[PDB]
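> This one is data.txt, compact mmCIF, N, CA and C atoms.
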```
# COMPACT_ATOMS: atom_id res chain seq x y z
N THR H 2 16.77 -7.04 13.14
CA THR H 2 17.49 -7.01 11.82
C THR H 2 16.58 -6.43 10.72
N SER H 3 15.89 -7.26 9.97
CA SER H 3 15.00 -6.73 8.90
C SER H 3 13.81 -7.67 8.70
N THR H 4 12.71 -7.16 8.22
CA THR H 4 11.52 -8.03 7.99
C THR H 4 10.89 -7.71 6.64
N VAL H 5 10.50 -8.72 5.91
CA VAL H 5 9.86 -8.50 4.58
C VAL H 5 8.37 -8.79 4.70
N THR H 6 7.53 -7.98 4.10
CA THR H 6 6.06 -8.23 4.18
C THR H 6 5.34 -7.57 3.01
N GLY H 7 4.45 -8.28 2.36
CA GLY H 7 3.71 -7.68 1.22
C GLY H 7 2.59 -8.62 0.77
N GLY H 8 1.80 -8.21 -0.18
CA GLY H 8 0.68 -9.08 -0.66
C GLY H 8 -0.15 -8.33 -1.70
N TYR H 9 -1.42 -8.16 -1.44
CA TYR H 9 -2.30 -7.44 -2.41
C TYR H 9 -3.26 -6.53 -1.64
N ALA H 10 -3.81 -5.52 -2.28
CA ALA H 10 -4.74 -4.62 -1.54
C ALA H 10 -5.98 -4.30 -2.38
N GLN H 11 -7.13 -4.69 -1.90
CA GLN H 11 -8.40 -4.40 -2.64
C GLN H 11 -9.15 -3.30 -1.90
N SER H 12 -9.83 -2.43 -2.60
CA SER H 12 -10.54 -1.33 -1.88
C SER H 12 -11.79 -0.87 -2.63
N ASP H 13 -12.74 -0.33 -1.91
CA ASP H 13 -13.98 0.20 -2.54
C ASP H 13 -13.63 1.56 -3.16
N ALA H 14 -14.35 1.98 -4.17
CA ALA H 14 -14.01 3.28 -4.81
C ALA H 14 -15.22 4.22 -4.86
N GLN H 15 -15.32 5.14 -3.93
CA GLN H 15 -16.46 6.10 -3.95
C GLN H 15 -16.15 7.21 -4.96
N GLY H 16 -16.94 7.29 -6.00
CA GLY H 16 -16.69 8.32 -7.06
C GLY H 16 -15.99 7.65 -8.25
N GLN H 17 -15.48 6.46 -8.06
CA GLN H 17 -14.81 5.73 -9.18
C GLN H 17 -15.61 4.47 -9.52
N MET H 18 -15.42 3.93 -10.69
CA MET H 18 -16.19 2.70 -11.08
C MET H 18 -15.35 1.44 -10.88
N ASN H 19 -15.95 0.40 -10.35
CA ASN H 19 -15.22 -0.89 -10.12
C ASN H 19 -14.10 -0.71 -9.09
N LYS H 20 -13.95 -1.67 -8.20
CA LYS H 20 -12.89 -1.58 -7.16
C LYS H 20 -11.50 -1.72 -7.80
N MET H 21 -10.46 -1.62 -7.02
CA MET H 21 -9.08 -1.74 -7.59
C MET H 21 -8.25 -2.77 -6.80
N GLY H 22 -7.10 -3.12 -7.31
CA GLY H 22 -6.24 -4.12 -6.60
C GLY H 22 -4.77 -3.89 -6.95
N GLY H 23 -3.91 -3.78 -5.96
CA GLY H 23 -2.47 -3.52 -6.26
C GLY H 23 -1.57 -4.41 -5.40
N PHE H 24 -0.28 -4.32 -5.60
CA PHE H 24 0.68 -5.15 -4.80
C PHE H 24 1.44 -4.25 -3.82
N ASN H 25 1.65 -4.72 -2.62
CA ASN H 25 2.38 -3.89 -1.61
C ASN H 25 3.65 -4.59 -1.11
N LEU H 26 4.77 -3.93 -1.21
CA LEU H 26 6.05 -4.52 -0.71
C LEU H 26 6.59 -3.58 0.37
N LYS H 27 7.05 -4.07 1.50
CA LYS H 27 7.53 -3.14 2.55
C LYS H 27 8.81 -3.66 3.22
N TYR H 28 9.69 -2.76 3.59
CA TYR H 28 10.96 -3.16 4.27
C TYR H 28 10.92 -2.70 5.73
N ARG H 29 11.49 -3.47 6.63
CA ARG H 29 11.44 -3.08 8.07
C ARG H 29 12.83 -3.10 8.71
N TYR H 30 13.06 -2.22 9.65
CA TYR H 30 14.38 -2.18 10.35
C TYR H 30 14.16 -2.00 11.85
N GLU H 31 14.83 -2.77 12.67
CA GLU H 31 14.65 -2.63 14.15
C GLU H 31 15.99 -2.79 14.86
N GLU H 32 16.13 -2.21 16.03
CA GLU H 32 17.42 -2.33 16.77
C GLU H 32 17.22 -3.19 18.02
N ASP H 33 18.13 -4.09 18.28
CA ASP H 33 18.01 -4.97 19.48
C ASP H 33 17.95 -4.14 20.76
N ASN H 34 18.49 -2.94 20.74
CA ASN H 34 18.48 -2.09 21.97
C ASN H 34 17.04 -1.81 22.43
N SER H 35 16.15 -1.51 21.51
CA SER H 35 14.74 -1.22 21.91
C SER H 35 13.76 -1.77 20.86
N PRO H 36 12.49 -1.76 21.20
CA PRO H 36 11.46 -2.27 20.27
C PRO H 36 11.05 -1.18 19.26
N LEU H 37 12.00 -0.50 18.68
CA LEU H 37 11.67 0.57 17.69
C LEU H 37 11.66 -0.02 16.28
N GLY H 38 10.57 0.15 15.57
CA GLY H 38 10.50 -0.40 14.18
C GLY H 38 9.93 0.64 13.22
N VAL H 39 10.56 0.79 12.08
CA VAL H 39 10.07 1.75 11.05
C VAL H 39 9.95 1.00 9.72
N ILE H 40 8.85 1.13 9.03
CA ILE H 40 8.70 0.37 7.75
C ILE H 40 8.32 1.29 6.58
N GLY H 41 8.81 0.97 5.40
CA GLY H 41 8.48 1.78 4.19
C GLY H 41 7.82 0.86 3.16
N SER H 42 6.61 1.15 2.76
CA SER H 42 5.92 0.25 1.78
C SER H 42 5.43 1.03 0.56
N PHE H 43 5.48 0.42 -0.60
CA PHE H 43 5.00 1.09 -1.84
C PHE H 43 3.77 0.34 -2.36
N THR H 44 2.80 1.02 -2.91
CA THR H 44 1.59 0.31 -3.42
C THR H 44 1.25 0.76 -4.84
N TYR H 45 0.87 -0.16 -5.69
CA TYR H 45 0.49 0.21 -7.08
C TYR H 45 -0.82 -0.52 -7.41
N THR H 46 -1.90 0.21 -7.52
CA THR H 46 -3.21 -0.45 -7.80
C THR H 46 -3.86 0.12 -9.07
N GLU H 47 -4.52 -0.70 -9.83
CA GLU H 47 -5.18 -0.21 -11.08
C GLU H 47 -6.57 -0.84 -11.22
N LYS H 48 -7.38 -0.29 -12.09
CA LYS H 48 -8.75 -0.85 -12.30
C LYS H 48 -8.65 -2.20 -13.01
N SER H 49 -9.52 -3.12 -12.70
CA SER H 49 -9.47 -4.46 -13.35
C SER H 49 -9.60 -4.32 -14.87
N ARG H 50 -8.99 -5.21 -15.61
CA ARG H 50 -9.07 -5.13 -17.10
C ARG H 50 -9.47 -6.49 -17.68
N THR H 51 -10.02 -6.50 -18.87
CA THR H 51 -10.43 -7.80 -19.49
C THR H 51 -9.46 -8.18 -20.61
N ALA H 52 -9.45 -9.42 -21.00
CA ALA H 52 -8.51 -9.86 -22.09
C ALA H 52 -8.82 -9.10 -23.38
N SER H 53 -10.08 -8.82 -23.64
CA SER H 53 -10.44 -8.08 -24.88
C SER H 53 -9.83 -6.68 -24.86
N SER H 54 -9.58 -6.14 -23.69
CA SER H 54 -8.99 -4.78 -23.60
C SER H 54 -7.60 -4.75 -24.25
N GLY H 55 -7.17 -3.60 -24.68
CA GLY H 55 -5.83 -3.49 -25.33
C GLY H 55 -4.73 -3.50 -24.26
N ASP H 56 -3.55 -3.07 -24.61
CA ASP H 56 -2.43 -3.04 -23.62
C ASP H 56 -2.32 -1.66 -22.97
N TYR H 57 -3.28 -0.80 -23.19
CA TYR H 57 -3.22 0.57 -22.58
C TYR H 57 -3.79 0.55 -21.16
N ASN H 58 -3.25 1.34 -20.28
CA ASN H 58 -3.76 1.38 -18.88
C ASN H 58 -4.39 2.74 -18.59
N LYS H 59 -5.66 2.77 -18.26
CA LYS H 59 -6.34 4.07 -17.98
C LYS H 59 -5.56 4.88 -16.92
N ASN H 60 -5.88 4.73 -15.66
CA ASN H 60 -5.15 5.51 -14.61
C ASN H 60 -4.33 4.58 -13.72
N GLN H 61 -3.37 5.13 -13.01
CA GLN H 61 -2.53 4.28 -12.10
C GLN H 61 -2.62 4.81 -10.67
N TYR H 62 -2.40 3.96 -9.69
CA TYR H 62 -2.47 4.43 -8.27
C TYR H 62 -1.14 4.21 -7.55
N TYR H 63 -0.36 5.25 -7.42
CA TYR H 63 0.95 5.13 -6.72
C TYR H 63 0.81 5.71 -5.32
N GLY H 64 1.43 5.14 -4.32
CA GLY H 64 1.27 5.70 -2.96
C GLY H 64 2.49 5.39 -2.09
N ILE H 65 2.67 6.18 -1.07
CA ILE H 65 3.80 5.97 -0.13
C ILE H 65 3.25 5.76 1.28
N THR H 66 3.77 4.82 2.02
CA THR H 66 3.25 4.59 3.39
C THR H 66 4.34 4.05 4.31
N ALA H 67 4.39 4.52 5.53
CA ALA H 67 5.41 4.03 6.49
C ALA H 67 4.94 4.36 7.91
N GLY H 68 5.38 3.63 8.90
CA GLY H 68 4.93 3.92 10.29
C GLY H 68 5.79 3.16 11.30
N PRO H 69 5.54 3.42 12.57
CA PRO H 69 6.30 2.75 13.65
C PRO H 69 5.89 1.28 13.75
N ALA H 70 6.67 0.49 14.45
CA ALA H 70 6.34 -0.96 14.61
C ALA H 70 6.78 -1.45 15.98
N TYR H 71 5.98 -2.29 16.60
CA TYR H 71 6.35 -2.81 17.95
C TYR H 71 6.38 -4.34 17.94
N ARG H 72 7.30 -4.93 18.66
CA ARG H 72 7.39 -6.42 18.68
C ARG H 72 6.65 -7.00 19.89
N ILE H 73 5.75 -7.91 19.64
CA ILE H 73 5.00 -8.55 20.76
C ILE H 73 5.10 -10.07 20.61
N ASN H 74 5.73 -10.72 21.55
CA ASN H 74 5.89 -12.21 21.47
C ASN H 74 6.52 -12.59 20.12
N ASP H 75 6.71 -13.86 19.88
CA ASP H 75 7.33 -14.29 18.59
C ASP H 75 6.26 -14.56 17.52
N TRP H 76 5.03 -14.20 17.77
CA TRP H 76 3.96 -14.44 16.75
C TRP H 76 2.98 -13.26 16.68
N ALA H 77 3.39 -12.09 17.11
CA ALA H 77 2.46 -10.92 17.07
C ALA H 77 3.22 -9.61 16.88
N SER H 78 2.90 -8.88 15.84
CA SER H 78 3.57 -7.57 15.59
C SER H 78 2.53 -6.51 15.22
N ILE H 79 2.74 -5.27 15.58
CA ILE H 79 1.74 -4.22 15.22
C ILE H 79 2.43 -3.02 14.56
N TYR H 80 1.83 -2.48 13.53
CA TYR H 80 2.45 -1.31 12.85
C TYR H 80 1.39 -0.36 12.29
N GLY H 81 1.80 0.81 11.88
CA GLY H 81 0.84 1.81 11.33
C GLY H 81 1.35 2.29 9.97
N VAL H 82 0.51 2.93 9.20
CA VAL H 82 0.95 3.42 7.86
C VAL H 82 0.44 4.85 7.62
N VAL H 83 1.29 5.70 7.12
CA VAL H 83 0.89 7.11 6.83
C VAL H 83 1.54 7.56 5.52
N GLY H 84 0.89 8.41 4.77
CA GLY H 84 1.50 8.88 3.51
C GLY H 84 0.43 9.42 2.57
N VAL H 85 0.68 9.30 1.30
CA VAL H 85 -0.29 9.85 0.29
C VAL H 85 -0.57 8.88 -0.87
N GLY H 86 -1.29 9.38 -1.84
CA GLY H 86 -1.64 8.57 -3.04
C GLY H 86 -1.56 9.45 -4.30
N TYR H 87 -1.29 8.87 -5.44
CA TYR H 87 -1.22 9.68 -6.69
C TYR H 87 -2.19 9.12 -7.73
N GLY H 88 -2.95 9.97 -8.36
CA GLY H 88 -3.91 9.50 -9.39
C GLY H 88 -3.52 10.06 -10.75
N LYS H 89 -3.11 9.21 -11.65
CA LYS H 89 -2.73 9.69 -13.01
C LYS H 89 -3.87 9.42 -13.99
N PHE H 90 -4.44 10.45 -14.55
CA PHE H 90 -5.57 10.25 -15.52
C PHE H 90 -5.24 10.91 -16.86
N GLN H 91 -5.73 10.36 -17.94
CA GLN H 91 -5.47 10.95 -19.29
C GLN H 91 -3.97 11.18 -19.50
N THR H 92 -3.15 10.22 -19.15
CA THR H 92 -1.68 10.40 -19.32
C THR H 92 -1.28 10.12 -20.78
N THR H 93 -0.54 11.01 -21.38
CA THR H 93 -0.12 10.80 -22.80
C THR H 93 1.34 11.25 -23.00
N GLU H 94 2.02 10.67 -23.95
CA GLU H 94 3.44 11.06 -24.20
C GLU H 94 3.51 12.50 -24.72
N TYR H 95 2.50 12.92 -25.44
CA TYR H 95 2.49 14.32 -25.98
C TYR H 95 2.03 15.30 -24.90
N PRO H 96 2.29 16.57 -25.13
CA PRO H 96 1.89 17.61 -24.16
C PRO H 96 0.36 17.76 -24.12
N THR H 97 -0.19 18.05 -22.98
CA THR H 97 -1.67 18.20 -22.87
C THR H 97 -2.06 19.69 -22.83
N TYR H 98 -1.16 20.56 -23.22
CA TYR H 98 -1.47 22.03 -23.21
C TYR H 98 -1.83 22.51 -21.79
N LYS H 99 -1.50 21.74 -20.78
CA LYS H 99 -1.81 22.16 -19.38
C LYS H 99 -0.52 22.29 -18.57
N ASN H 100 -0.45 23.23 -17.67
CA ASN H 100 0.79 23.40 -16.85
C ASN H 100 1.12 22.10 -16.11
N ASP H 101 0.13 21.47 -15.53
CA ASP H 101 0.37 20.18 -14.80
C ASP H 101 -0.95 19.61 -14.28
N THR H 102 -1.03 18.31 -14.16
CA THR H 102 -2.29 17.68 -13.65
C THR H 102 -1.95 16.53 -12.69
N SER H 103 -2.43 16.59 -11.48
CA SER H 103 -2.13 15.50 -10.50
C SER H 103 -3.22 15.43 -9.43
N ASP H 104 -3.67 14.24 -9.11
CA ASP H 104 -4.72 14.09 -8.06
C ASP H 104 -4.19 13.21 -6.93
N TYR H 105 -4.04 13.74 -5.74
CA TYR H 105 -3.50 12.91 -4.62
C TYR H 105 -4.29 13.12 -3.33
N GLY H 106 -4.01 12.31 -2.33
CA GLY H 106 -4.72 12.43 -1.03
C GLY H 106 -3.85 11.79 0.06
N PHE H 107 -4.31 11.75 1.28
CA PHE H 107 -3.48 11.15 2.37
C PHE H 107 -4.05 9.80 2.82
N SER H 108 -3.22 8.92 3.32
CA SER H 108 -3.71 7.58 3.77
C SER H 108 -3.29 7.32 5.22
N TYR H 109 -4.03 6.50 5.92
CA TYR H 109 -3.67 6.18 7.34
C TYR H 109 -4.25 4.82 7.73
N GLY H 110 -3.58 4.08 8.57
CA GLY H 110 -4.11 2.74 8.98
C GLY H 110 -3.06 1.94 9.75
N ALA H 111 -3.40 0.73 10.13
CA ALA H 111 -2.44 -0.15 10.87
C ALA H 111 -2.97 -1.59 10.85
N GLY H 112 -2.16 -2.56 11.20
CA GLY H 112 -2.66 -3.97 11.18
C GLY H 112 -1.83 -4.82 12.14
N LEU H 113 -2.05 -6.11 12.16
CA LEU H 113 -1.27 -7.01 13.08
C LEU H 113 -0.84 -8.27 12.33
N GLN H 114 0.22 -8.91 12.78
CA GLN H 114 0.69 -10.16 12.10
C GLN H 114 0.56 -11.35 13.07
N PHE H 115 0.17 -12.50 12.57
CA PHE H 115 0.02 -13.68 13.46
C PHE H 115 0.40 -14.97 12.72
N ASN H 116 0.90 -15.95 13.43
CA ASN H 116 1.28 -17.25 12.77
C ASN H 116 1.94 -18.21 13.77
N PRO H 117 1.58 -19.47 13.68
CA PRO H 117 2.18 -20.50 14.55
C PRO H 117 3.45 -21.05 13.88
N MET H 118 4.30 -20.19 13.40
CA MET H 118 5.54 -20.63 12.73
C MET H 118 6.65 -19.61 13.00
N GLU H 119 7.81 -20.08 13.29
CA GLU H 119 8.95 -19.16 13.60
C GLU H 119 9.37 -18.32 12.39
N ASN H 120 9.36 -18.87 11.20
CA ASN H 120 9.80 -18.06 10.01
C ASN H 120 8.64 -17.69 9.08
N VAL H 121 7.41 -17.95 9.46
CA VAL H 121 6.27 -17.59 8.56
C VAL H 121 5.31 -16.65 9.30
N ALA H 122 4.81 -15.65 8.62
CA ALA H 122 3.87 -14.70 9.30
C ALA H 122 2.80 -14.15 8.35
N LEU H 123 1.59 -14.06 8.83
CA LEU H 123 0.47 -13.51 8.01
C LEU H 123 -0.12 -12.31 8.74
N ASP H 124 -0.40 -11.21 8.07
CA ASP H 124 -0.95 -10.04 8.82
C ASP H 124 -2.07 -9.34 8.05
N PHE H 125 -2.95 -8.69 8.77
CA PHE H 125 -4.07 -7.96 8.12
C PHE H 125 -4.06 -6.50 8.56
N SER H 126 -4.30 -5.59 7.66
CA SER H 126 -4.31 -4.15 8.03
C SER H 126 -5.35 -3.39 7.20
N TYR H 127 -5.80 -2.27 7.69
CA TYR H 127 -6.81 -1.48 6.92
C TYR H 127 -6.42 0.00 6.90
N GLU H 128 -6.66 0.67 5.80
CA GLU H 128 -6.32 2.11 5.71
C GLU H 128 -7.27 2.82 4.74
N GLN H 129 -7.63 4.05 5.03
CA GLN H 129 -8.55 4.79 4.13
C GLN H 129 -7.81 5.98 3.50
N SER H 130 -8.15 6.32 2.28
CA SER H 130 -7.47 7.46 1.61
C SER H 130 -8.50 8.44 1.05
N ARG H 131 -8.25 9.71 1.17
CA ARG H 131 -9.22 10.72 0.63
C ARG H 131 -8.48 11.71 -0.26
N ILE H 132 -8.96 11.91 -1.47
CA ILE H 132 -8.29 12.86 -2.39
C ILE H 132 -9.26 13.98 -2.76
N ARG H 133 -9.78 14.68 -1.78
CA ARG H 133 -10.74 15.80 -2.02
C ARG H 133 -12.06 15.30 -2.62
N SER H 134 -12.02 14.62 -3.74
CA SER H 134 -13.29 14.13 -4.36
C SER H 134 -13.32 12.60 -4.42
N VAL H 135 -12.24 11.93 -4.08
CA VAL H 135 -12.24 10.44 -4.14
C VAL H 135 -11.97 9.84 -2.76
N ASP H 136 -12.78 8.91 -2.34
CA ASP H 136 -12.57 8.27 -1.01
C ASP H 136 -12.69 6.76 -1.15
N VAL H 137 -11.62 6.05 -0.94
CA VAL H 137 -11.67 4.56 -1.09
C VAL H 137 -11.19 3.88 0.20
N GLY H 138 -11.71 2.72 0.49
CA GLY H 138 -11.27 1.99 1.72
C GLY H 138 -10.34 0.85 1.29
N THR H 139 -9.06 1.02 1.47
CA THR H 139 -8.10 -0.04 1.03
C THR H 139 -7.45 -0.74 2.22
N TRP H 140 -7.19 -2.01 2.08
CA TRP H 140 -6.53 -2.79 3.17
C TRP H 140 -5.38 -3.61 2.59
N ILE H 141 -4.32 -3.78 3.32
CA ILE H 141 -3.16 -4.57 2.79
C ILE H 141 -2.94 -5.82 3.65
N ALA H 142 -2.81 -6.96 3.04
CA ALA H 142 -2.58 -8.21 3.83
C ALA H 142 -1.74 -9.20 3.02
N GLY H 143 -0.89 -9.96 3.67
CA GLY H 143 -0.06 -10.93 2.93
C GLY H 143 0.81 -11.76 3.88
N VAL H 144 2.09 -11.82 3.61
CA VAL H 144 3.00 -12.64 4.46
C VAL H 144 4.06 -11.76 5.14
N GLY H 145 4.81 -12.34 6.04
CA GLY H 145 5.86 -11.56 6.76
C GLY H 145 7.03 -12.49 7.12
N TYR H 146 8.24 -12.04 6.90
CA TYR H 146 9.43 -12.87 7.24
C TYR H 146 10.42 -12.03 8.05
N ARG H 147 11.18 -12.65 8.93
CA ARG H 147 12.15 -11.86 9.75
C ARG H 147 13.54 -12.51 9.74
N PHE H 148 14.54 -11.78 9.32
CA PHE H 148 15.92 -12.34 9.29
C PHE H 148 16.51 -12.39 10.70
```
Go ahead and render the structure in this file as structure tokens.


Amino acid sequence: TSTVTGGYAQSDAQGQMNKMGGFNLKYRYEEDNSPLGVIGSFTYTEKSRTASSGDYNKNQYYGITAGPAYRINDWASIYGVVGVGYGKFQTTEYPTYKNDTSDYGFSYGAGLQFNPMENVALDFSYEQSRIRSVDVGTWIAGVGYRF
């Protein structure tokens, strides 16, 4: 039927200052005929901020990821993630006198879910992304539910 899974993702930032953290939500679909599973997850991560900081956000991290999924026993699932990332820097409502500015890269990884509960699931996964000059190691982990 369908499975819900999401949590938070922290990663190291080579070329960037301070690590980042975002939220990941993903939807899953499978057919009883075979163990075929496809999932689509979105991630949004930003640099940590302090209370003294204003309400402005420096850059944002948007990304797309999805991959196949296989069912193993009632407490073990495996999946992979593939897609890209978007880096928005110096974003302003006014024109920047530039044709366009965008920094992106590709991501890849996979993880597994485990839990001694029929309706509760916890999973860990790791994925790396490279954007020509930026390389960070991000991992996504949280909960999982199956209708």

> Could you work out an axis-aligned box for range 57-66 of chain H, taking every atom the file lists and adding 3 Å on each side, and report centre and edge lengths in Å to one decimal, as JSON?


```
{"center_x": -1.0, "center_y": 2.7, "center_z": -9.4, "size_x": 16.7, "size_y": 13.0, "size_z": 33.5}
```

> Pick the closest to residue 20 in chain H from H:146, H:48, H:88, H:94: which is it, counting all atoms listed in the file?

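Distance minimum relative to residue 20 in chain H lands on H:48.
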
> Need to verify the contact set: range 125-128 of chain H, 6 Å, only C-alpha atoms, exclusion of same-chain residues closer than 5 positions in sequence. Can you return it as a list in words?

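Here the qualifying residues turn out to be residues 109, 110, 111, 112, 113, 139, 140, 141 and 142 of chain H.
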
> When you look at residue 147 in chain H with a cut-off of 8 Å (counting all atoms listed in the file), what residues show up, excluding the ones that are within fewer than 2 positions of it in the same chain? I need them as a list in words.

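The neighbour list is residues 2, 3, 4, 5, 6, 119, 120, 121, 122 and 145 of chain H.
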
> Just to confirm, what's the straight-line distance from atom C of residue 92 in chain H to atom C of residue 58 in chain H in Å (one decimal)?

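Computed distance, atom C of residue 92 in chain H to atom C of residue 58 in chain H, equals 8.3 Å.
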
> Quick one: pull the distance between CA of residue 76 in chain H and CA of residue 124 in chain H, Å, one decimal.

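If I compute the distance from CA of residue 76 in chain H to CA of residue 124 in chain H, I get 10.3 Å.
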
> Which of these residues is nearest to residue 23 in chain H, using only C-alpha atoms: H:71, H:87, H:63, H:57?

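Once distances to residue 23 in chain H are computed over only C-alpha atoms, the minimum belongs to H:63.
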
> Taking the DSSP assignment computed from this structure's backbone, write out as number ranges by chain all residues of chain H that belong to strand (DSSP E or B).

H: 3-15, 21-31, 38-48, 61-73, 77-89, 104-115, 122-131, 136-147

> Give the answer as one residue: which of H:144, H:85, H:37, H:137 has the shortest atom-to-atom distance to residue 115 in chain H, using only C-alpha atoms?

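Of all the options, H:144 lies closest to residue 115 in chain H.
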
> Atom N of residue 136 in chain H to CA of residue 8 in chain H: how many Å, to one decimal?

22.5 Å

> Return the single residue from H:138, H:95, H:148, H:69 that is closest to residue 14 in chain H, with distances computed using all atoms listed in the file.

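When distances to residue 14 in chain H are compared using all atoms listed in the file, the smallest one comes from H:138.
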
> Pick from H:47, H:108, H:91, H:53: nearest to residue 65 in chain H, with only N, CA and C atoms counted?

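The shortest atom-to-atom distance to residue 65 in chain H comes from H:108.
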
> So that I can see what lies close to residue 27 in chain H, please list as a ChimeraX atom specification the residues with an atom at most 6.5 Å from it, counting all atoms listed in the file and leaving out residues fewer than 2 positions away in the same chain.

/H:4-7,25,29,40-43

> Taking only C-alpha atoms into account, name the residue in H:52, H:18, H:10, H:39 that is nearest to residue 70 in chain H.

H:39

> Applying 8 Å and only C-alpha atoms, which residues near residue 86 in chain H remain after dropping the ones on its own chain fewer than 6 positions away? List them as a ChimeraX atom specification.

/H:62-65,105-108,130,132
